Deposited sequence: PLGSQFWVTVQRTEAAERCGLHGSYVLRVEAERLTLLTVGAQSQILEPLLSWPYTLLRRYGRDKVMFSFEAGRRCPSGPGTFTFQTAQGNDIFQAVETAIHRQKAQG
C-alpha cells in the first residue's frame, strides 16, 4: 500500500556523499515521491517529490535520478546499483503519469 519497493546499493555521487549514503537501501516508488529507507524495520531517510526531480533514467545495472534545489537532500545526482532499473523506471514513469 505504500508503493513498489526495491533493494538498491548507492553509488558515489556528490549528493549521495553529502547525504551520508553508503551501502544498501530500499527505494520506494510512492504516489507523488521517491523515498529512501534503511533498516533501523524500515525507517525513512529522504524523499524526493516527482515535481522536484530534473530527470531520471536507468540501464541493466543501475537506476539514477537528479534532484532539484528544493529537495530536502539538496540538488544533484543519486545513482543506485540494481538489476531492476527498468522496473523502477517503469514504476516511476507510471506514478508520474497518474499524478
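**Student:** Numbering the deposited sequence from 1, which residue ranges have no coordinates here?
**Tutor:** No C-alpha for residues 41-44, 104-107.
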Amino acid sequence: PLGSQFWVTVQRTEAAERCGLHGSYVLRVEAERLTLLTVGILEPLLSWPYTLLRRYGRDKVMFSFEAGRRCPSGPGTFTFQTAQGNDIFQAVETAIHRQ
From here on, numbers count along this sequence of modelled residues.
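**Student:** If you average the CA temperature factors over each stretch, which comes out higher, 24-32 or 41-49?
**Tutor:** Stretch with the greater average CA B-factor: 41-49.
**Student:** Comparing 86-94 with 14-22, which stretch shows the greater average C-alpha B-factor in the deposited entry?
**Tutor:** Comparing averages over the C-alpha atoms only gives 86-94.
**Student:** What third of its chain's C-alpha B-factors does residue 71 belong to: lowest, middle or highest?
**Tutor:** It belongs to the highest third of the chain when residues are ordered by C-alpha B-factor.
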